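> Just passing along the structure, written as structure tokens.
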Amino acid sequence: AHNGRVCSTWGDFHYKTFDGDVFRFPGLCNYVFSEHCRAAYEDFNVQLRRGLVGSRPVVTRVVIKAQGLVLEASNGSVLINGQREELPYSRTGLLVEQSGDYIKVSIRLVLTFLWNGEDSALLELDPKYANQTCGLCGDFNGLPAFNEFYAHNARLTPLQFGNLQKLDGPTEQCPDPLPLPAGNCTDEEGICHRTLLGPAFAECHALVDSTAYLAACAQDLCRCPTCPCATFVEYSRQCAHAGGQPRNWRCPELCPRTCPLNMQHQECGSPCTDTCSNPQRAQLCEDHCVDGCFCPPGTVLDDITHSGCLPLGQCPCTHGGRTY
Amino acid sequence: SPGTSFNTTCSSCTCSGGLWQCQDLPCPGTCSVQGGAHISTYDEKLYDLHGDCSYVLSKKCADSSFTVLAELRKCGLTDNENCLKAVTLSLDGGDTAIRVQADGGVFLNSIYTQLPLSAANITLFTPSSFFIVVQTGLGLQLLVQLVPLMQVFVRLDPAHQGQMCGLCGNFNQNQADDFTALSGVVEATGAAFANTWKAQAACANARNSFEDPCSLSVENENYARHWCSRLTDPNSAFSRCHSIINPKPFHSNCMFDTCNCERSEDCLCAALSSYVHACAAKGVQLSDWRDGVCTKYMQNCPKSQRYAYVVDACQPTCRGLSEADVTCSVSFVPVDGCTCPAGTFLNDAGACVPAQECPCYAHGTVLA
Amino acid sequence: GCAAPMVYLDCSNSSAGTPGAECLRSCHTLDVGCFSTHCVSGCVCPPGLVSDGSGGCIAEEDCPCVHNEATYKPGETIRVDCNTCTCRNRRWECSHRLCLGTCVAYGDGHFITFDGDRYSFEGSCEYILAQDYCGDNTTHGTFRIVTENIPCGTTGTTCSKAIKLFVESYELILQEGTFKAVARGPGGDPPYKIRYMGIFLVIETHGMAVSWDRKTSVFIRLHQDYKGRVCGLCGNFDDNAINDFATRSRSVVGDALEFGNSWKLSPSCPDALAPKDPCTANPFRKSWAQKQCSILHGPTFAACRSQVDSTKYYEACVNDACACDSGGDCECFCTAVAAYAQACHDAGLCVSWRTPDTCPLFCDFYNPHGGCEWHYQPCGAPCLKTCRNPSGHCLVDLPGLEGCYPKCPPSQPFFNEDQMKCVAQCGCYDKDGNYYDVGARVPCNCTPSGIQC
Amino acid sequence: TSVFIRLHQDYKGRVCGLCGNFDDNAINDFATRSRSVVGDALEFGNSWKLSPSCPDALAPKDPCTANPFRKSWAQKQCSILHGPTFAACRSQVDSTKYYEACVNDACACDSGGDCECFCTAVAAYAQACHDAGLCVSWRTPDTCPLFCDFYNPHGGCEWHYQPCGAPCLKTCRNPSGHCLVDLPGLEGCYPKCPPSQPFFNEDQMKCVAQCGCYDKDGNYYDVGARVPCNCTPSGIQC
Ligand SMILES: *[C@@H]1O[C@H](CO)[C@@H](O)[C@H](O)[C@H]1NC(C)=O
Ligand SMILES: *[C@@H]1O[C@H](CO)[C@@H](O)[C@H](O)[C@H]1NC(C)=O
Ligand SMILES: *[C@@H]1O[C@H](CO)[C@@H](O)[C@H](O)[C@H]1NC(C)=O
Ligand SMILES: *[C@@H]1O[C@H](CO)[C@@H](O)[C@H](O)[C@H]1NC(C)=O
Ligand SMILES: [Ca+2]
Ligand SMILES: [Ca+2]
Ligand SMILES: [Ca+2]
Ligand SMILES: [Ca+2]
């Protein structure tokens, strides 16, 4: 599956490259989050801008440039080639949607960009882009620990590394984040260890190592104590992307989620929600676990009038745009 | 009508025989390095050079009468972000050295020398706050721009035609021979030719660049296009020069610079200034071209001075009106910059006062 | 503190200012003369020898010669244009054979004059590409070449060209993919020869060879005799590219539009207006254009990019792929890249891009039912033992150029252009150049001798 | 850009999607997901989208009307279907709708790649003729050329353009030379593999003597190579 063709950015400036690295980088300018830069002609150029909401680390603007298409996501709005468009916007090879809790831009055979809207942002790239990319997401050569941080045979700190992949505005001179002093807190109550090493992500321990995620959970605990679940969410996403089946870890106290009356909030639900417009879409799907709202088995979704998930034999039909 | 003639700055043509009978007035050649990367040779062979070394910019290669050297240094994350950082006129087989740095400091034999200076027929002076003129008696003349960034212009008395060597080419009115290296064969590309003229063997060879800096950032694209388009606008102030100098290489320079420059305003204004100065070299007086653009170069002027679009000659000094000035009989193409306003003179303190406030100097003695 | 004969040098003992290891006598800096205000400590070859730059030491009479981002040992040879050089004592010694000057006129109006100048002129009327009929006497010239842009299916963007090769009192019209002959003056023997060089019509005149891609590219190669005595849109061939913008009345202008508007054949024709940048007009092609033209920066053209400057060729490619908004796109991109292909061919290289995905060239077409003479060669033979030239010699020996040629076996050793095949014996060409089979009467019969009676 | 699917008569009446339901009843082939036969193409297409989240396609726009300045060129290019090149086939295969398709496609491709559009629009008719009864060979060097000397290495002359290929190919993957669904001739160029090198290899596109090996996933190796067992005359063995 999507073994090592994924990079991510979450929570308190935590960056995860394709090959498995994790590092914190508290930058606050525009950065080349990834880019086709070892090719005669570039295919994609995805950039991030990270900012502050009062104190919360967020992503304020993404600019994906791909094959002559410019896509600027910011302020809860999407600009396609300079024009605002209403979601979803679809064209040959491109589709952008408000699917689930996020904004997902899939440029078929190029990339898959999920953006939760505030802090998370995840890139899936084609296997043919190996070794030809460069940016915070790394080089996609498959070797994590050895080739991202050697600038002319010298090893760099994540602050320096993230500062190399910097890009100022035409009239902007953004500074660099001075190193954060030592940390504190750690996991005193054991919440990170109890959850991450708990039952839910059992098989996730067999695919993705949790050490960096444990550290990030502790570091977020040092930050506000309503925002420690970002690392758990990211670990769920990564475990789902490697191939393993994450299990439900959310409890009414552990960052509770809500879904509509007939829709349940699941970790690892089938991405293709069967809906009696196409009540058998979920037959031979190929896509890993995805989190979001889902329907209890048997009662497919009703996308024709949006009455929630409905039994197969009580949902409407459509003829010529007329509901029956 | 028949009987009429018109003279360009480089030639004169008479309408007769139903044709133009054209003769060539003498023309001092003009090499230049602009943007820190682009080179316009004496034969007008524009080519970009992304190098990190000191390069023999021009040298009368029969002997070592003079050797204008340029040190070009990498200025950014990418290997194609370069700046000119010095201009080292080496003279008399290296016996004399005039080194104009990037901040304006001028060194005579590695000793700081304020300006103007006048010795060994060499005259160093600032026509304005933007330019430094190094007029030598050997035939050439250097004109170095500091504001907004560092650019160099080299002027040759036509007698040296077909004799020089170096980066700027042999000055023989032939664009195909410019890449004739010392091995007797024309090199292929710009950088292949330049990597034969490095000063130090330990330098890193220049490489050929295809990566347009414009393709990287979209806001950089919009900014650079929206401003550098002022070059090719037929309604623009620059338009007057279009019928003489083709502005396409200048537009390409402006695009590349601004899309690549860290202070892209600096490189944008440098490219526009370069086009303006080349046009003034051909004999066109572009004025009032900074409408809503590059005005921070108006405002940053030293106190008691003001900007001037046409500084066509001498800086008016009080000492000079007292006891004349050997500095001030030099013909240079009219450059722009900050200067004392007309009718006013700068005293030895550097401040600008009218003529009535300034003493007359007898034997070098101040006399109110 | 070193191993090779090169020994260490330290500036602590010497007074400041001595030439340090940076001013090391080297195969490059032995010749220029080093400059540095600071000494550096390092390993330096012993006096009498220099360094190769790799820590070795070499006698100064064996320094490798550097050429075009490369390096050649002493005794290695290279080829530049029409002459060959050999590396000796950090110099190149080259033969002194004269090299055929070259004008290029291709694409949407890109011109490379005889003197190496380059510009773009998008005209519509008839324009004199070259002529000797300009001078204090216009009547002592010989030839004249006019061109104008044909639209091949409409009246819009250019799709092909049309050439009018006047050669003394003769005339040839090159259009639609073939030639003609409108000889009006004295009816003697033709002062030209005609050949099918690959994908080109090539016409020799013993001092001037024209090559037409049959769609839109014209490359002319002139002997050194015609130097300075030509004019038109290929310049005046004076090894001085600054003044090549010389109009009809010889008033060198700085603008290409006026230079072109001068050389229109008919004063009644209207002057071309301001050319408009293609990619700005049609941004929705632009991206595709770059993706197509990026072939120049790829490993297909890795080697040549160090032998021929390809900035302007790439700009022309992108502008042409942006401009062709009325149909026939692959042809525009193909010819824009093929001009660079020919430049590489002429410089020193045999480059073969032409992938089945990218600008394919159907050359199996002339293969009859498995007969396999017709093979694609990236660089053709200098002269072809054609039906029209049974001798096998040629007047202007052109170098290799793209196109597919027949490997005419000894059993059928004559290449016949009018049928495009390898055949045993040829027919006959009349004065106008029409072809007939042996034994067929001409409006006299045809025999091994030819047309006889 | 063209897919031609050929099914046995077994699957008659039991398939669906955008190729109809294969029932020898063309009026009702616009049967949507819920089998509500419509008189409109847009609804029938919108039914069979995989992901219901995807937006429905809007009204298709007539290409030649949109971009009139291409139309003339398009017609001049598409007129190849009326010329004597296709004089014979026009009596065996109805070419009205094919010509309309050619003109529409050559009008539509205003963003680049025009020759491919025209080439495939004509090649659909070429395959119609090829299946019907005729080995038509248009494909002139001026019009839709097909580079087939490319796989010819250094004067080797196996690879020739045949307008109708052999019903089965003795490929490297199929050393038997037999085939399951014998397709008739179709355009392209094929190698005339000589007896000395009688195996056509697709992964190198060449006539060679002895073949290598394919694994379960289908990757290829040269003989004498171990697989992530070695490669031998048997193939992958151990
Ligand atoms: C987003 O856009 C809305 C208008 O659409 C604006 O009112 C708001 O301030 C912007 N920012 C946020 C964080 O909502
Ligand atoms: C990846 O790129 C590096 C960069 O030079 C190269 O050395 C290496 O061989 C490449 N490996 C793969 C598997 O692409
Ligand atoms: C240039 O031409 C003008 C107009 O005839 C004339 O007045 C002027 O003297 C000329 N310049 C010379 C001769 O240097
Ligand atoms: C100018 O150059 C001459 C020639 O070498 C030299 O003799 C003289 O000292 C220099 N200075 C002056 C003021 O003439
Ligand atoms: Ca790596
Ligand atoms: Ca020259
Ligand atoms: Ca000339
Ligand atoms: Ca049916």
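Lettering and numbering for the structure tokens are positional, with chains as A, B, ... in the shown order, residues counted from 1 in each chain, and ligands counted from 1 in the shown order.
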Using only C-alpha atoms, select each residue of chain A with any atom at most 12 Å away from an atom of chain D, and give the selection as a PyMOL selection string.
chain A and resi 68+86-92+94-100+104+106+271-286+301-304+316-322
> Would you put the residues from that selection into a file with N, CA and C atoms, as a CSV table (one decimal), in the first residue's frame?

chain,number,residue,atom,x,y,z
A,68,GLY,N,0.8,23.4,-14.6
A,68,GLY,CA,0.1,24.6,-15.0
A,68,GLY,C,-1.1,25.0,-14.3
A,86,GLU,N,-16.4,26.8,-5.9
A,86,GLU,CA,-17.2,26.1,-4.9
A,86,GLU,C,-16.9,24.6,-4.9
A,87,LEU,N,-16.7,24.1,-3.7
A,87,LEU,CA,-16.4,22.7,-3.6
A,87,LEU,C,-17.6,21.8,-3.9
A,88,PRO,N,-17.4,20.6,-4.5
A,88,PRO,CA,-16.1,20.1,-5.1
A,88,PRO,C,-15.9,20.7,-6.5
A,89,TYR,N,-14.6,20.8,-6.9
A,89,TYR,CA,-14.3,21.3,-8.2
A,89,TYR,C,-13.5,20.2,-8.9
A,90,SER,N,-14.0,19.7,-10.1
A,90,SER,CA,-13.4,18.6,-10.8
A,90,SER,C,-13.2,18.9,-12.2
A,91,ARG,N,-12.1,18.4,-12.7
A,91,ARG,CA,-11.7,18.5,-14.1
A,91,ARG,C,-10.8,17.3,-14.5
A,92,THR,N,-10.5,17.2,-15.7
A,92,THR,CA,-9.7,16.0,-16.2
A,92,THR,C,-8.4,15.9,-15.4
A,94,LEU,N,-7.9,16.2,-12.2
A,94,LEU,CA,-7.9,17.0,-11.0
A,94,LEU,C,-9.3,16.9,-10.3
A,95,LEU,N,-9.3,16.8,-9.0
A,95,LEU,CA,-10.5,17.0,-8.2
A,95,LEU,C,-10.2,17.4,-6.8
A,96,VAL,N,-10.9,18.5,-6.4
A,96,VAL,CA,-10.8,19.0,-5.0
A,96,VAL,C,-12.1,18.9,-4.3
A,97,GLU,N,-12.1,18.5,-3.1
A,97,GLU,CA,-13.4,18.2,-2.4
A,97,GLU,C,-13.3,18.5,-0.9
A,98,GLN,N,-14.4,18.7,-0.3
A,98,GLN,CA,-14.6,18.9,1.1
A,98,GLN,C,-14.8,17.5,1.8
A,99,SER,N,-14.3,16.5,1.3
A,99,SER,CA,-14.5,15.1,1.7
A,99,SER,C,-14.2,15.0,3.2
A,100,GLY,N,-15.2,14.5,4.0
A,100,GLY,CA,-15.0,14.3,5.4
A,100,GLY,C,-14.7,15.6,6.1
A,104,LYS,N,-9.4,17.9,0.3
A,104,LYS,CA,-8.6,16.9,-0.4
A,104,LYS,C,-8.5,17.3,-1.8
A,106,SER,N,-6.8,15.9,-5.2
A,106,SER,CA,-6.1,14.8,-5.8
A,106,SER,C,-5.9,15.2,-7.3
A,271,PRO,N,-13.3,3.6,3.0
A,271,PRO,CA,-13.3,4.9,2.4
A,271,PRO,C,-14.5,5.2,1.5
A,272,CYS,N,-14.9,4.1,0.8
A,272,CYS,CA,-16.0,4.2,-0.2
A,272,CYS,C,-17.3,3.9,0.5
A,273,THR,N,-18.0,4.9,1.0
A,273,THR,CA,-19.3,4.7,1.7
A,273,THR,C,-20.3,4.2,0.8
A,274,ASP,N,-20.8,3.0,0.9
A,274,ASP,CA,-21.9,2.5,0.0
A,274,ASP,C,-23.1,3.4,0.2
A,275,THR,N,-23.7,3.8,-0.9
A,275,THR,CA,-24.9,4.7,-0.9
A,275,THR,C,-25.8,4.2,-2.0
A,276,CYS,N,-27.1,4.1,-1.6
A,276,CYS,CA,-28.0,3.4,-2.5
A,276,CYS,C,-28.2,4.0,-3.9
A,277,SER,N,-27.6,5.2,-4.1
A,277,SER,CA,-27.3,5.6,-5.5
A,277,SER,C,-26.4,4.7,-6.2
A,278,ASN,N,-25.3,4.2,-5.4
A,278,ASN,CA,-24.4,3.2,-5.9
A,278,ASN,C,-24.2,2.2,-4.7
A,279,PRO,N,-25.2,1.5,-4.3
A,279,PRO,CA,-25.2,0.8,-3.0
A,279,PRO,C,-24.1,-0.2,-2.9
A,280,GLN,N,-23.4,-0.5,-4.0
A,280,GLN,CA,-22.3,-1.5,-4.0
A,280,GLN,C,-21.0,-0.9,-4.4
A,281,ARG,N,-20.8,0.3,-4.1
A,281,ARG,CA,-19.5,1.0,-4.4
A,281,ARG,C,-18.4,0.3,-3.6
A,282,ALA,N,-18.7,-0.1,-2.4
A,282,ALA,CA,-17.7,-0.7,-1.5
A,282,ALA,C,-17.4,-2.1,-1.8
A,283,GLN,N,-17.7,-2.6,-3.0
A,283,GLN,CA,-17.5,-4.0,-3.3
A,283,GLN,C,-16.0,-4.3,-3.5
A,284,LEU,N,-15.4,-3.8,-4.5
A,284,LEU,CA,-14.0,-4.1,-4.8
A,284,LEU,C,-13.1,-2.8,-4.8
A,285,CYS,N,-13.3,-2.1,-3.7
A,285,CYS,CA,-12.5,-0.8,-3.6
A,285,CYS,C,-11.1,-1.2,-3.3
A,286,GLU,N,-10.2,-0.2,-3.7
A,286,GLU,CA,-8.8,-0.2,-3.2
A,286,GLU,C,-8.5,1.1,-2.6
A,301,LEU,N,-25.6,5.0,2.7
A,301,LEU,CA,-25.8,6.4,2.7
A,301,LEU,C,-26.9,6.8,1.7
A,302,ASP,N,-27.6,7.9,2.1
A,302,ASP,CA,-28.6,8.5,1.2
A,302,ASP,C,-28.1,9.8,0.7
A,303,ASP,N,-27.4,9.8,-0.5
A,303,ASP,CA,-26.9,11.1,-1.1
A,303,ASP,C,-27.9,11.7,-2.0
A,304,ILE,N,-29.1,11.3,-2.1
A,304,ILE,CA,-30.1,11.8,-3.0
A,304,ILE,C,-30.9,12.9,-2.3
A,316,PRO,N,-34.7,6.9,-1.8
A,316,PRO,CA,-35.4,7.4,-3.0
A,316,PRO,C,-34.7,6.9,-4.3
A,317,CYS,N,-35.4,7.1,-5.4
A,317,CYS,CA,-34.8,7.0,-6.7
A,317,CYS,C,-34.7,8.3,-7.4
A,318,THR,N,-34.0,8.4,-8.5
A,318,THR,CA,-33.8,9.6,-9.2
A,318,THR,C,-34.1,9.3,-10.7
A,319,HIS,N,-34.9,10.2,-11.3
A,319,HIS,CA,-35.1,10.1,-12.8
A,319,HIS,C,-35.1,11.5,-13.3
A,320,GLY,N,-34.1,11.9,-14.1
A,320,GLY,CA,-34.0,13.2,-14.8
A,320,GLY,C,-34.0,14.3,-13.8
A,321,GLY,N,-33.3,14.1,-12.7
A,321,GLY,CA,-33.3,15.1,-11.6
A,321,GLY,C,-34.5,15.2,-10.7
A,322,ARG,N,-35.4,14.3,-10.9
A,322,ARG,CA,-36.6,14.2,-10.1
A,322,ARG,C,-36.5,13.1,-9.1
> Counting only C-alpha atoms, which residues from chain A have an atom at most 10 Å from any atom of chain B, and could you show them as a list in words?
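Only these qualify: residues 32, 35, 37, 40, 41, 42, 45, 47, 63, 64, 65, 70, 164, 165, 166, 167, 168, 169, 170, 171, 172 and 173 of chain A.
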> Would you mind listing what lies within 8 Å of segment 205-215 of chain D as a list in words, with only C-alpha atoms counted and same-chain residues fewer than 2 positions away left out?
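With the cut-off at 8 Å, the set is residues 151, 158, 172, 173, 191, 192, 193, 194, 196, 197, 198, 199, 200, 201, 202, 203, 217, 218, 219, 220, 221, 222, 223, 231, 232, 235 and 236 of chain D.
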> Which one of A:202, A:103, A:39, A:59 sits closest to residue 131 of chain A if you count only C-alpha atoms?
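For residue 131 of chain A, the nearest of the candidates is A:39.
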> Restrict the distance test to only C-alpha atoms, flag each residue of chain D within 6 Å of chain C, and return the flagged residues as a ChimeraX atom specification.
/D:70,73,111,114,141,145-147
> What's the 8 Å shell around segment 119-128 of chain D, counting only C-alpha atoms, without same-chain residues fewer than 2 positions away, as a PyMOL selection string?
chain D and resi 1-2+78+81+93+95+98+101-102+105+115-117+130-132+136+144+186-187
> Kindly export the residues of the current selection with N, CA and C atoms, as a PDB file, in the first residue's frame.

ATOM      1  N   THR D   1      -5.463   6.721 -26.036  1.00  0.00           N
ATOM      2  CA  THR D   1      -6.812   7.132 -25.666  1.00  0.00           C
ATOM      3  C   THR D   1      -7.959   6.281 -26.195  1.00  0.00           C
ATOM      4  N   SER D   2      -7.727   5.185 -26.908  1.00  0.00           N
ATOM      5  CA  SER D   2      -8.822   4.379 -27.433  1.00  0.00           C
ATOM      6  C   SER D   2      -8.751   2.985 -26.846  1.00  0.00           C
ATOM      7  N   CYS D  78      -9.651  16.123 -41.492  1.00  0.00           N
ATOM      8  CA  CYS D  78     -10.553  14.981 -41.438  1.00  0.00           C
ATOM      9  C   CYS D  78     -11.026  14.550 -42.814  1.00  0.00           C
ATOM     10  N   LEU D  81     -10.943  11.048 -44.637  1.00  0.00           N
ATOM     11  CA  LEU D  81     -11.931   9.972 -44.626  1.00  0.00           C
ATOM     12  C   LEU D  81     -12.770   9.928 -45.892  1.00  0.00           C
ATOM     13  N   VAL D  93     -18.028   0.173 -44.327  1.00  0.00           N
ATOM     14  CA  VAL D  93     -18.289   0.670 -42.988  1.00  0.00           C
ATOM     15  C   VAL D  93     -18.841   2.079 -43.104  1.00  0.00           C
ATOM     16  N   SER D  95     -19.300   5.712 -42.364  1.00  0.00           N
ATOM     17  CA  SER D  95     -18.308   6.631 -41.831  1.00  0.00           C
ATOM     18  C   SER D  95     -18.859   8.020 -41.567  1.00  0.00           C
ATOM     19  N   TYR D  98     -18.167   8.615 -37.679  1.00  0.00           N
ATOM     20  CA  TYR D  98     -16.721   8.672 -37.512  1.00  0.00           C
ATOM     21  C   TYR D  98     -16.174  10.013 -37.973  1.00  0.00           C
ATOM     22  N   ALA D 101     -17.026  12.616 -35.441  1.00  0.00           N
ATOM     23  CA  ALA D 101     -16.122  12.481 -34.307  1.00  0.00           C
ATOM     24  C   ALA D 101     -14.758  13.074 -34.610  1.00  0.00           C
ATOM     25  N   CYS D 102     -14.219  12.789 -35.797  1.00  0.00           N
ATOM     26  CA  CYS D 102     -12.917  13.326 -36.172  1.00  0.00           C
ATOM     27  C   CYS D 102     -12.933  14.842 -36.143  1.00  0.00           C
ATOM     28  N   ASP D 105     -13.202  16.191 -32.540  1.00  0.00           N
ATOM     29  CA  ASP D 105     -11.977  16.037 -31.765  1.00  0.00           C
ATOM     30  C   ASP D 105     -10.893  16.989 -32.239  1.00  0.00           C
ATOM     31  N   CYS D 115      -2.171  16.375 -33.391  1.00  0.00           N
ATOM     32  CA  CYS D 115      -1.969  15.230 -34.259  1.00  0.00           C
ATOM     33  C   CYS D 115      -2.450  13.956 -33.594  1.00  0.00           C
ATOM     34  N   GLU D 116      -2.265  13.831 -32.280  1.00  0.00           N
ATOM     35  CA  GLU D 116      -2.757  12.639 -31.602  1.00  0.00           C
ATOM     36  C   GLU D 116      -4.274  12.555 -31.674  1.00  0.00           C
ATOM     37  N   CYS D 117      -4.960  13.681 -31.474  1.00  0.00           N
ATOM     38  CA  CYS D 117      -6.417  13.684 -31.555  1.00  0.00           C
ATOM     39  C   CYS D 117      -6.885  13.228 -32.926  1.00  0.00           C
ATOM     40  N   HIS D 130     -10.528  -2.549 -40.420  1.00  0.00           N
ATOM     41  CA  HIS D 130      -9.678  -3.719 -40.249  1.00  0.00           C
ATOM     42  C   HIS D 130     -10.489  -4.924 -39.813  1.00  0.00           C
ATOM     43  N   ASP D 131     -11.431  -4.715 -38.897  1.00  0.00           N
ATOM     44  CA  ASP D 131     -12.272  -5.816 -38.454  1.00  0.00           C
ATOM     45  C   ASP D 131     -13.257  -6.213 -39.544  1.00  0.00           C
ATOM     46  N   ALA D 132     -13.784  -5.242 -40.298  1.00  0.00           N
ATOM     47  CA  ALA D 132     -14.837  -5.568 -41.253  1.00  0.00           C
ATOM     48  C   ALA D 132     -14.363  -6.552 -42.313  1.00  0.00           C
ATOM     49  N   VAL D 136      -6.667  -1.801 -44.622  1.00  0.00           N
ATOM     50  CA  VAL D 136      -6.430  -0.454 -45.121  1.00  0.00           C
ATOM     51  C   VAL D 136      -5.192   0.106 -44.440  1.00  0.00           C
ATOM     52  N   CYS D 144      -0.117  11.237 -39.861  1.00  0.00           N
ATOM     53  CA  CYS D 144      -0.061  10.250 -38.789  1.00  0.00           C
ATOM     54  C   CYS D 144       1.061   9.237 -39.016  1.00  0.00           C
ATOM     55  N   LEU D 186      -4.528  -5.777 -36.649  1.00  0.00           N
ATOM     56  CA  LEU D 186      -4.703  -4.418 -36.160  1.00  0.00           C
ATOM     57  C   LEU D 186      -3.395  -3.669 -36.366  1.00  0.00           C
ATOM     58  N   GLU D 187      -3.493  -2.347 -36.509  1.00  0.00           N
ATOM     59  CA  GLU D 187      -2.350  -1.566 -36.961  1.00  0.00           C
ATOM     60  C   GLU D 187      -1.210  -1.645 -35.952  1.00  0.00           C
TER      61      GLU D 187
END
> For atom CA of residue 68 of chain D and atom CA of residue 160 of chain C, quote the distance in Å rounded to one decimal.
21.4 Å
> I need the contact residues of chain C against chain A, so if you could list those with any atom within 7 Å, counting only C-alpha atoms, and return them as a list in words, that would help.
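Therefore, the residues near the partner are residues 287, 291, 294, 297 and 298 of chain C.
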> Take the residues from that selection and write them out as a PDB file, in the first residue's frame, keeping C-alpha atoms.

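Saved file out-v4.pdb follows:
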ATOM      1  CA  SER C 287       2.187  24.746 -19.948  1.00  0.00           C
ATOM      2  CA  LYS C 291       6.417  20.159 -21.301  1.00  0.00           C
ATOM      3  CA  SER C 294      11.642  20.438 -22.076  1.00  0.00           C
ATOM      4  CA  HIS C 297      16.939  20.061 -21.229  1.00  0.00           C
ATOM      5  CA  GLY C 298      16.595  16.288 -20.893  1.00  0.00           C
TER       6      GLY C 298
END
> Would you mind listing the residues within 6 Å of ligand 3, counting only C-alpha atoms and all ligand atoms, as a ChimeraX atom specification?
/B:5-7
> Restricting the output to N, CA, C and O atoms, write the selected residues as a PDB file, in the first residue's frame.

ATOM      1  N   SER B   5      21.004  64.712 -43.628  1.00  0.00           N
ATOM      2  CA  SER B   5      21.833  63.728 -42.963  1.00  0.00           C
ATOM      3  C   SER B   5      21.326  63.566 -41.544  1.00  0.00           C
ATOM      4  O   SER B   5      20.706  64.469 -40.977  1.00  0.00           O
ATOM      5  N   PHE B   6      21.580  62.398 -40.971  1.00  0.00           N
ATOM      6  CA  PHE B   6      21.305  62.179 -39.560  1.00  0.00           C
ATOM      7  C   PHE B   6      22.441  61.358 -38.983  1.00  0.00           C
ATOM      8  O   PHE B   6      22.892  60.393 -39.605  1.00  0.00           O
ATOM      9  N   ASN B   7      22.941  61.770 -37.828  1.00  0.00           N
ATOM     10  CA  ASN B   7      24.084  61.120 -37.208  1.00  0.00           C
ATOM     11  C   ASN B   7      23.642  60.413 -35.937  1.00  0.00           C
ATOM     12  O   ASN B   7      23.116  61.047 -35.017  1.00  0.00           O
TER      13      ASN B   7
END
> Could you check which of B:162, B:94, B:127, B:3 is closest to ligand 6, using only C-alpha atoms and all ligand atoms?
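Of B:162, B:94, B:127, B:3, the one nearest ligand 6, counting only C-alpha atoms and all ligand atoms, is B:162.
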> What residues in chain B lie within 6 Å of chain C, counting only C-alpha atoms, written as a VMD selection string?
chain B and resid 19 to 20 173 to 174 183 187 to 189 192 199 to 202 244 to 245
> Set the cut-off to 12 Å, count only C-alpha atoms and all ligand atoms, and list whatever residues fall near ligand 4 as a PyMOL selection string.
chain B and resi 65+91-92+118-123+136-139+326
> Give the residues close to ligand 6, within 9 Å, counting only C-alpha atoms and all ligand atoms; write them as a list in words.
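Listed by chain and ascending number, the contacts are residues 41, 42, 43, 44, 45, 162, 168, 169, 170, 171, 172, 173, 174, 175, 176, 177, 178, 179 and 180 of chain B; 240 of chain C.
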> Among segment 77-251 of chain B, which residues carry a DSSP assignment of alpha helix (DSSP H), reported as a PyMOL selection string?
chain B and resi 190-194+218-228+248-251
> Would you work out the distance separating atom CA of residue 48 of chain C from atom CA of residue 60 of chain C, expressed in Å to one decimal?
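Between atom CA of residue 48 of chain C and atom CA of residue 60 of chain C the gap is 7.6 Å.
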